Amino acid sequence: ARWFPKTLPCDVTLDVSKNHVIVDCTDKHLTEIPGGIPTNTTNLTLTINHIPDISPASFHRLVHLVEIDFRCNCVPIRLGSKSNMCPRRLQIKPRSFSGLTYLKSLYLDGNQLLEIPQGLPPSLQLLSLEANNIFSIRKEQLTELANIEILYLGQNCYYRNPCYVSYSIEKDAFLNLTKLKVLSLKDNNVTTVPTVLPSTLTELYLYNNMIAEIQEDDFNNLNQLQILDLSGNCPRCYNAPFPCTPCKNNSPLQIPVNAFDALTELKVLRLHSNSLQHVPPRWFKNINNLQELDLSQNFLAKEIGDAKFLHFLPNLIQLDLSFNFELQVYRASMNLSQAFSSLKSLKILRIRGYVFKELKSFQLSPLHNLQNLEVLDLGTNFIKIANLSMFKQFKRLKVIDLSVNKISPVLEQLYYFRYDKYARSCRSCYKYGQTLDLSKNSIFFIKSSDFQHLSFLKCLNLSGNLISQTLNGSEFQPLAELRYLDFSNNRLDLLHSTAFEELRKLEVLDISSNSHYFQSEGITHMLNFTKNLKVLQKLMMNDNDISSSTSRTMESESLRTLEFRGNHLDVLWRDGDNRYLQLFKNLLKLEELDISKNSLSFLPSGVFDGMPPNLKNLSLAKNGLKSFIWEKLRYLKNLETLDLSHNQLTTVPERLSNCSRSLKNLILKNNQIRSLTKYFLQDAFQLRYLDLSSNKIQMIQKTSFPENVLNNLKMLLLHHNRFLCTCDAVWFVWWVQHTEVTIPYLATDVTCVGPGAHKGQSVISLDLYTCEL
């Protein structure tokens, strides 16, 4: 179907609308720029390779390159792989870029460069040099960058990539860059705000440096500035998970009261981890546009109960005061100044790490009339006592976050404590409505009154509490509109089949990782509790170690998805015991069933007949299946996806069309298949996806793989097999080289293991002409 096989080890893509030819060679173990890159190439990406140098030969004929991404071909030692350390810094020979007349973006990050590469074309808008060893900026080296708009220089001098001196920037180095909009000098051992900066700046990133003081006029001309990040100068170092040096004398980052006067356009101000003890209202006298203010990780515990500066912030959307607690202090309660009530525009308020024992309704009163308040985050506060009914006054919020507290009767898991949460790399129930997140607390017992006045709730997260209780349907009575209950990581005791039946609008129920009572013999479990839940769509009961059930069927008219992974259906379906072979049969509208990780080394006859009639996607992954009667797939008349990955199957069916006329997606990766049957895919016409990767296949012949089926395949995975590239393989090699069908990893892992001559050689590159002499 192709006249000329593509042999280039890079994905090539055409976006003809913007006349972009995109050539992506990311992570192809390349030691040279491959020959044959299309001459019309616009975007060329060579990240994560081991190309030791650039030269005029590199892009010689690539004259229409608008973007070169050449990052991480020599990552600095501590940042890169220790099993493949780069031996010598990337070498850029003169004239490597002067010919690239159309070049708009050049990425050279993580190449251990010692200096700003010169000879760059005047068309260049974006230059990126992060994670090199460039720690002295001189005006002379920047003249070439007249038209530059975006310049990334950070991570060139910090604990993970040290330069062992202070960063140096010459007076007015950036001033004649008259179009420069974004300047990032983060994570760099900088000691003062460089001046003067061009007044065209929109974004200035100076965080994680050694700037001890702000001069009044450091930001005098920056009347177009919209984002300023000064975080991590004089860091608060308590429990820092990276090496952290505080400013001497317990000093804060000193900012004169008028320092921001010119920043009339400022939208985002980040002062995280500057050891601040006070927030002078004078800072904000001439910024009324401010929308986002990060004051997390300072020492503003007292200031939170005063906070006059808030009166100057009527347009603020986001306010973060997390982790301002005083060391060794466990406050009784939360003192929020009344000044908070003047935050007319506030949608998002975050005060984790305030650290206090009792949350009481009136302490939140300053928030009562903030009409736009969508998120209230009081997590990681070690709150012991909170009458949940106080949130009757917060029905308008989208998320009330009390996660990780000690209550009893989405941000990344490392977020407030990571060094650079915006660092670049070399390469949930909120949607249901009002969410009360109580996850990771100490709730041991629940009763209906605990949820008094909270009938508006759509999602309740009780995951990771200590609830060890037989629910009989009486515990959630107020939660009349609840659509989503996360009850995972508790110790539910399904003694009563009336559990959860009061949650009459419940659509999704997670009772995963409630294995405690299931792992002790002789205890009653009612798995038919689903019959009462008339609108239940999705039920998760993963990792419960279920090996026994008092009831023999689960029943639902509504349930479409059942996750039953990590249980012991091998015990329930012990050969000879027929009692549970229709456990799922009366889930009449069930479409998706996950019974991976159930130790099902075989499937007793009757399991398939016992499946409910509308099953579409069935996972049997990770079972150690050593055999499989493919013919029994005939019972699964609506089966579209069959996941058999990570098992021990050695054969495929003689005729897949004779096993299922509906099957579209067959995942057989990570098995032990050594050969295909003679007529495997014969007449399997709307088969569309076939994963045979990570098996031990040596040969594939045309009878097993007729082209009338292969041409309909959205994707066909064959990588990591044991292909023998002898003359018997002539059809398969020819087809792989000329096919339109998508086959991932042809450049990297579709390989001959022999015969000797061809060992380790890619099938895409293989020349079998000697077979036709």
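Heads up: residue numbers just count along the shown sequence, starting at 1.
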Given the other compared entries that model the residues flanking it, would you say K384 is unmodelled in at least one third? no
Is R427 unresolved, in the sense of carrying no coordinates, in at least a third of the other compared entries? yes
In this entry, is the chain continuous from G119 to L120, or are deposited residues missing in between (none, 1 to 3, 4 to 9, 10 or more)? none
If the chain runs straight from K589 to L590, say none; otherwise bin the unmodelled deposited residues as 1 to 3, 4 to 9, or 10 or more. none
Which wins on mean Cα temperature factor, 639-647 or 699-707? 699-707
Tell me which of 682-690 and 623-631 has the higher mean C-alpha B-factor in the deposited entry. 682-690
Which of these has the highest Cα B-factor in the record: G606, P94, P162, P241? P94
Looking only at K186, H516, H311, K357, the Cα with the top B-factor belongs to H311
Can you tell me which third, lowest, middle or highest, the CA B-factor of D11 falls into for its chain? middle
What third of its chain, lowest, middle or highest, does the C-alpha temperature factor of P38 fall into? highest
What third of the chain, by the recorded C-alpha B-factor, contains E555? highest
C-alpha B factor of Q761, ranked within the chain: lowest, middle or highest third? middle
Chain thirds by Cα B factor, record data; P235 belongs to the lowest
